[PDB]
Amino acid sequence: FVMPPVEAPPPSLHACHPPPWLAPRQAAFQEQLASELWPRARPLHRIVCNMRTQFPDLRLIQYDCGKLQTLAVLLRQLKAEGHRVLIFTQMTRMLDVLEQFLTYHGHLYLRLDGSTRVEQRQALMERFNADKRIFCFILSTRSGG
Amino acid sequence: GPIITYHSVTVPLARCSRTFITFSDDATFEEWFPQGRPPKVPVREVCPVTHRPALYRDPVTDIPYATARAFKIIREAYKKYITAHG
Amino acid sequence: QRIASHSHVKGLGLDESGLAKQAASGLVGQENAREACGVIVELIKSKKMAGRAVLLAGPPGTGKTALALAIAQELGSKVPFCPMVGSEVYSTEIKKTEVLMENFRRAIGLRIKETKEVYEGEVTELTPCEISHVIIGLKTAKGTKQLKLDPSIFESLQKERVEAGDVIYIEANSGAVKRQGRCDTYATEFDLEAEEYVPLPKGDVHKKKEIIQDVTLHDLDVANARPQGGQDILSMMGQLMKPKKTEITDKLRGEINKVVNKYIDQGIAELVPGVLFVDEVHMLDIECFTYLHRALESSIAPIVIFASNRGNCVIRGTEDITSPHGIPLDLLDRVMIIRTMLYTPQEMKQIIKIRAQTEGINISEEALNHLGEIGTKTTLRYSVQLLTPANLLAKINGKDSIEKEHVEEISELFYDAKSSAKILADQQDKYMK
Amino acid sequence: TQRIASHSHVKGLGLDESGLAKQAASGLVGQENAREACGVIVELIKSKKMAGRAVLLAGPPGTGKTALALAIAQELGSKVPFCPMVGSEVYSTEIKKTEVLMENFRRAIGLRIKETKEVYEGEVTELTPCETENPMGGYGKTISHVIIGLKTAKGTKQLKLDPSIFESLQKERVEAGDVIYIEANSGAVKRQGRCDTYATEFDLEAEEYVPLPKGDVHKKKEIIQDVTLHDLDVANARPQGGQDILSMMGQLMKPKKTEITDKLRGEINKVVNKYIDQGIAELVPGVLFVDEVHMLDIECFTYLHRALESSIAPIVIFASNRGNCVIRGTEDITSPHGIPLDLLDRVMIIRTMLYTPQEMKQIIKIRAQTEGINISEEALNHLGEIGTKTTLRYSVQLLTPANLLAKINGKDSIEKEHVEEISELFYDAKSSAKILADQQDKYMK
Amino acid sequence: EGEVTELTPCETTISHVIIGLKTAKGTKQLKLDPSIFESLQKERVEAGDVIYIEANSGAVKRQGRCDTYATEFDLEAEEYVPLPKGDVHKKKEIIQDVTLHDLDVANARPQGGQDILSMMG
Amino acid sequence: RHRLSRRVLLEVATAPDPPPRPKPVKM
Amino acid sequence: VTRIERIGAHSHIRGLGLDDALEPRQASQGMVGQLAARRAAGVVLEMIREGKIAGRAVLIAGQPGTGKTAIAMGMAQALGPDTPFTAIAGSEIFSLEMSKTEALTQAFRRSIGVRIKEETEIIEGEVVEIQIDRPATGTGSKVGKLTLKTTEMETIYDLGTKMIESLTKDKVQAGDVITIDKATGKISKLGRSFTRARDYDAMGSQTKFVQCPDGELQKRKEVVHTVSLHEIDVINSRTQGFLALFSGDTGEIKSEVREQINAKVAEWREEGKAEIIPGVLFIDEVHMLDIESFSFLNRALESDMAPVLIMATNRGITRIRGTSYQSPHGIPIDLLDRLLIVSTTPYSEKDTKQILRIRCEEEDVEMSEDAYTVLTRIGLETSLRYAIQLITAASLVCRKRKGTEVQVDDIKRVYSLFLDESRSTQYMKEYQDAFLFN
Amino acid sequence: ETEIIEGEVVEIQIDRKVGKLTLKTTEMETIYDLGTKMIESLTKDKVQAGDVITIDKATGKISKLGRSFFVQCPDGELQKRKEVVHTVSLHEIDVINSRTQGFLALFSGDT
Amino acid sequence: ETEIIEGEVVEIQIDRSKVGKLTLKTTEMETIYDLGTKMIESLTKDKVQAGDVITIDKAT
Ligand SMILES: Nc1ncnc2c1ncn2[C@@H]1O[C@H](COP(=O)(O)OP(=O)(O)O)[C@@H](O)[C@H]1O
Ligand SMILES: Nc1ncnc2c1ncn2[C@@H]1O[C@H](COP(=O)(O)OP(=O)(O)O)[C@@H](O)[C@H]1O
Ligand SMILES: Nc1ncnc2c1ncn2[C@@H]1O[C@H](COP(=O)(O)OP(=O)(O)O)[C@@H](O)[C@H]1O
Ligand SMILES: [Mg+2]
């Protein structure tokens, strides 16, 4: 996870009238070295990325909300007993957060955020009623009529 | 589409594992299994001049040879053939 | 959280007038030293003087390092505080003067405003454009956008194995491409795909975020001396073939000074001069002291706090030159000396009680008096270190508090330095050397 | 091997079956008590149940300490690892002294790996799929085996293999008339070229045509491979053979010994234990011989305490000819063998005594026999008298110059005159020291 | 040495390269060893460029574009160089002093080399 | 053994072009 | 067969041998005597197990052969593999690759373990049938189907392209018991439930089978990842750092990297992601450290990431290395104030005999009572280690003469064959001129 | 002496290579016909309308010094011949000529 | 002691690079050789053409 605090490209040497052969020679050397060595550096891709940028862990989503912890316990019990759950929330952004949380826990879900087209609503309803793999169906209390 | 199916099954002999490969079309089967006949042993050519086993092959006359003298004789014969037939 | 040797020190315990309260912020005595440290803290907060050196002088156990950490606590986490031991300049990679100079720049911090440009969305089109550029289409819950990106970004996307339907994060500043997962909408297509699904981003495809970055001058020097921002083959080659530290030149530091001055003039940077702390200064040699002369005379240097418990001692690196604190008289002329004194038995009892409270230990008054008496002989450090073993003994015997019997039993089990010295002297012929 | 070195006559310890040392046997003369102790140490090494045990060979120079250690090595045999080492070798410009000592410790612990390699050789004569009369799925053709015919010098066999090999055969581009080998333990096909019988004298390929394999199609053998823990450690610390950028860097950069971590060594120990439990490997704990131990400094001696206390350490044999000398790395600290008393408490001391004139004469005769030199009785007695004064090494070093002088003079044996002339030509340490003292002004420093 | 007026490789692979070099004193047509074509392509030599070719080694240095072509574009990142004044073929007899250390250090490490190990070196 | 000489070089340079190589004949 | 670990110096020590009240038994778990020192070691062990106080230092001081290293090994064996225990010698910090302070920092950080506990979904079952359909020619989408079975379940899975590739690479066949992690898609084969078809050739000798897993297919299992702070520092220092975990060659790690790691680990501990498992660093023969190393030790123990430090030394009032100053134990007085000292008293006759008995039991050597008496007398006269060595020496001598029990004659024989320091020094004094430098 | 072009970008056109570039000051406006190397330089460093840039003609060294609609657009002539003076130490010359890319050692030691 | 082929290259014909022919000559001899994949690759890597005087190791 450790990232350098600062990141810079290498210093560049500038002259008003340089020897017109130095830059093309360096460019050709770099091109050949890259064409020969870059494929060999692919295994180290994850190390470089992890040292280059750090994203928040998905687990921290649940740690920041006690409701998410209680819901995690409840959903674990409900899946173990073999039930299907409808999650109702007043806020669509909460639906986005629930989408993240359900994906992190691995719960397959469908979404009805009121912003879905009218013709799609019935298709989603029929798919949920027909497909038994969908564990959850997140819904907005005011939506759906 | 034209596919190759790799199949592994559990079948009684109390159970054993068997693998099968299924080709959708005969063209793929022929391509992967041409059933080529065994190759033929080449004839060990011999130099017509010195009767020793051949080691070289003059590109102009396509006559195998195994000695520089044999090569000179072959080229002299070719020159005589050119002079005669023209 | 584990309890360390200075976990009770929360501040200098000064009042509004600068005077030192008797017992406050985990400090019991050293009122004169605490007032001097408060003045030093105000000096650091002024951000006007450069290269001002302070020496904390006194016998061991008189809270010099406690006072330095109290200065750190008073300053706050924003103001840099670089703790270094004098023994750390003896590196096998760079010269001692280079180590000192690097620690000097680590003490100067810089709060700089930065804007991050972010391309975040689900990939809908990944079309190469002949060196081959890439035309990419990204969608979010708010819209869709098509972008033309450099071939390096295309190579990064290929290395991440980004394909149509994957949710990606691109940082335009660093060219860092992160594939987060296959979109959640495709999580029902298969039963075992070996993929990590991620929901669709709910913002815009293109975002600009302004953040505050906390960096030091040393970080800039390292970034410009061992560059890794080009993402080219030469940077990888230099990192792999030359992983050791190098002696950064004064030219690079002048260039970094110019860049930071330009940033401050542009109004997007703020300078925090900060503090360097050298604990075992007597471990430095005459070369380090001579370099520190010029280093402290610099107008860029931070405030440096030195500590020493040595008496009239031979300076390291000299044959037989002896100086009052292990520090040559030339450097002592450039420092402000803060003197720490030995603690009275009452102050020792107060410190023992504070340490017991910090470690979550209940101690009876009789046990506290006995342990203070034990600390009157031996040392205060030894008396404090008997608290946890005595608590463990009391817990084993079913008592929730330390009694005098537990302290006596622990002191019988564990000897101090003077008792061990007596044992060694009585049995010199049996021990080695 | 053909050249004669200083210990070329030592073929082991001349011990009876009861452990008593014969007066002259196996190239060794005298030193009966030291030889018996070394035999007990040999039994200790062969028992393989002890770790970190140390033995110190203490005695004047030229008393058989190195000869005794080499006799121990001869008694153990080539199967048991024996890592010789001088104390000066710990001073390296690449790694620290403790790392050198640890590496030599791991060099002394050997591992013997036994495996059976079963292969099928032959020239591919037939390549026929075994179709099934009932195709699965109704359409197309399904295959249940691939018959491969393998031909060798003295046989021909057919192998009904798994259908999955069809991909390996195509990847290797195996056709009829090609020589291939299939490994049972892996189920993989490797094409080792085409048969040479289909090659003409006008072809120019180099590695394409191979002779038809001799022997049977099915070849299986037991492979015994001897490795040391240091070999595995070094092969894992700086691996060779990868195609990534790190292996390329290793090939480019100059090789350098590194401080192998305890993590890698623990992993190697776990792998070795797994192999031993599986029955693949058998542990062969050997001996580390550290000659001139007095050249180690105080840091090396201190590290040796922890090194010997380990349960993985080999049996270490030390040797020192020093008296009450000053330990290196210390200022005016004297110990009986140049070794701190803490390390002397962890070792068993074997004492080597000086040689009587009769034993010196016997050793000179043995060395003359080893060097292919015929020496007369009078010449032998004179050389033994020379060995009574001077030293034993000086007398054994006069044998080949005297033989050369006799050969130049035209004689097939060394006479007394040859030894006298050689003694006149070459000076010993004591005579040179007398000359130096008598002319100390004319010499330098 | 001179401005390149023609660069034509002659195919049998390339048997030879015919080059045309121009100076103030005339034009010369030269037949180049086919190995020089790789050097000419690496140096990016086109018509109108001022180059020199070493006869003994085949080394090519492209020392800019001729200043007669400076007006072919209003803004190019090019170094425009005057046309050479003397003859295309220049001969000079020189006496250069070297030390044994120069020859020692020249043979301590390899130079050039298109292999990966040589490039990384 | 096979170093060129000035005489051989001059002879080859001055001599006319060699006759065209005869076409292969299956004989 | 002999394992890589054989009978060493401290192979008989299985623990400190204390009861619940930390009272040392006279002879238990290999330890004999040293009652006060063992009780102190037990108190220190309880302090380590609690894992609440950082940077505690203990010095085990005593005469040679008094059981300092025995006590340290007993503490290590009583701690168990869960808690890190880094044992090094004082000489090991002198390295040409890194500074002494860097070596000490790495040693300290090797003694603190960071553990991450997370729950993952796991599929474990017996492969019944696997079918993979791939295009005959050219790039295309492979389609497959997999059937997995337990004792109480059997499910048919529709497979994606990447799962198809994983199964193809692992060469999963019918009857293979495989484990699949849903997130990463990693597949681990752990056995075969039955044999392959016999009619196939070049298949090799079939090994033993593995019983089919029971219960549900997709379970939830706890995965524990444990690394030390040093391993984090090394893998974060540079891209090639993971190889430095095995090759050494870490150089000097930047202080910035360590500060970032300390901050991240503290954040994880607050966020409940990871737990810190503080351990022990044992520096044997600490008197080899110089004044600079001791000065670093003084302040490195003041960090909340510091482990418990245990030192052993047999020095009296001795010159500190790198200086001309005489100090107790060869250690500066500033460091001696930061640590509690545990003294080891010499062993008596009965303690020596019991130690010899335990050593004989560990070495599987049978000895007579008279031989035990003679060996105890020799150990009191010479040293404990000499008698311990004579144990196996006399065992070998007895086995040579086709015996079963070590007698007094065997002990006398090995006493004659192998000399102690005293008799060797006497014989060297007798021939002082023959030895080289005096 | 060097030629320095400093102005505000008005329009940049590149077609599959040929291109045009339009630059303006507060006193004059101009259209340039671009060469291949300058087109490559302008493509590598993203230049769009409204940016205030300076170009070193001989090298293609383009540095964007802000955007205008923030730095005011330059006033005088678009193309200026400037006299640039460098004071270079002997050590700098030695390091630059010590090896290829040797100038990097002026900043990171490693000489 | 190593067996080599030594001659001047007369013609190199490669069909399409699976198979080809190489003609070598001396002052007293001339022959044609059938090339394989690796021989063709080695000849193309060294850019061997007509008029080149080359030696080929038979073993390697
Ligand atoms: N005035 C004080 N009040 C409370 N605790 C103190 C005081 N002085 C020292 N201590 C504590 O006692 C110990 C010794 O102090 P320290 O700063 O290490 O002395 P030194 O000057 O030798 O560094 C530390 O744990 C410190 O936190
Ligand atoms: N008892 C012996 N029998 C046979 N050869 C011996 C004996 N002792 C010494 N030598 C030989 O004499 C020479 C002296 O070397 P050595 O005795 O090993 O010196 P050191 O004991 O000081 O190493 C060697 O060639 C050694 O093999
Ligand atoms: N109290 C004891 N119980 C069991 N074994 C012991 C005891 N004391 C010493 N030993 C054993 O005797 C030997 C010498 O003790 P050791 O701990 O190495 O001494 P030191 O204090 O010098 O380290 C070791 O093999 C050790 O295991
Ligand atoms: Mg010990």
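For chain D, we keep the numbers from Swiss-Prot: what you see runs 12-456, in order.
Method reported for this entry: electron microscopy, 3.9 Å.
Just so you know, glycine gets a Cβ as well, placed from its N, Cα and C.
Feature annotation from Swiss-Prot assigns ATP binding site to D:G70, D:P71, D:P72, D:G73, D:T74, D:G75, D:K76, D:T77. Annotation source Swiss-Prot lists SUMO2 cross-link at D:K225, D:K445, citing a large-scale study or a structure entry. Summarising the annotation, Swiss-Prot assigns SUMO1 cross-link to D:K225. If you look up Swiss-Prot, you'll see D:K453 marked as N6-acetyllysine, on the strength of a large-scale study or a structure entry.
Structure coloured by features recorded in Swiss-Prot.
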residue: D:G70; record: ATP binding site; contacts (Cβ under 8 Å, 6+ apart): D:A45, D:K76, D:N332, D:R362, D:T363, D:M364
residue: D:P71; record: ATP binding site; contacts (Cβ under 8 Å, 6+ apart): D:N332, D:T363, D:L365
residue: D:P72; record: ATP binding site; contacts (Cβ under 8 Å, 6+ apart): D:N332
residue: D:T74; record: ATP binding site; contacts (Cβ under 8 Å, 6+ apart): D:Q42, D:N332, D:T363, D:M364, D:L365, D:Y366
residue: D:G75; record: ATP binding site; contacts (Cβ under 8 Å, 6+ apart): D:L39, D:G41, D:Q42, D:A45, D:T363
residue: D:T77; record: ATP binding site; contacts (Cβ under 8 Å, 6+ apart): D:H18, D:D302, D:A330
residue: D:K225; record: SUMO2 cross-link; contacts (Cβ under 8 Å, 6+ apart): D:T163, D:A164, D:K165
residue: D:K445; record: SUMO2 cross-link; contacts (Cβ under 8 Å, 6+ apart): none
residue: D:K453; record: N6-acetyllysine; contacts (Cβ under 8 Å, 6+ apart): none
Cβ within 8 Å of the mean position of the Cβ atoms of D:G70, D:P71, D:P72, D:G73, D:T74, D:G75, D:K76, D:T77: remaining residues of the chain near ATP: D:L68, D:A78, D:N332, D:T363
Sparsest-packed among the binding-site residues, when each Cβ's other Cβ atoms within 10 Å are tallied, from D:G73, D:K76: D:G73
Binding-site residues near ligand 2 among D:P71, D:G73, D:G75 (Cβ under 6 Å): D:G73, D:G75
D:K76 (ATP binding site): secondary structure state under DSSP, collapsed to three categories: helix
DSSP state at D:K225 (SUMO2 cross-link), helix/strand/coil: coil
Proximal to chain G - recorded positions among D:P71, D:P72, D:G73, D:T77, D:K445, CB under 8 Å: D:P71, D:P72
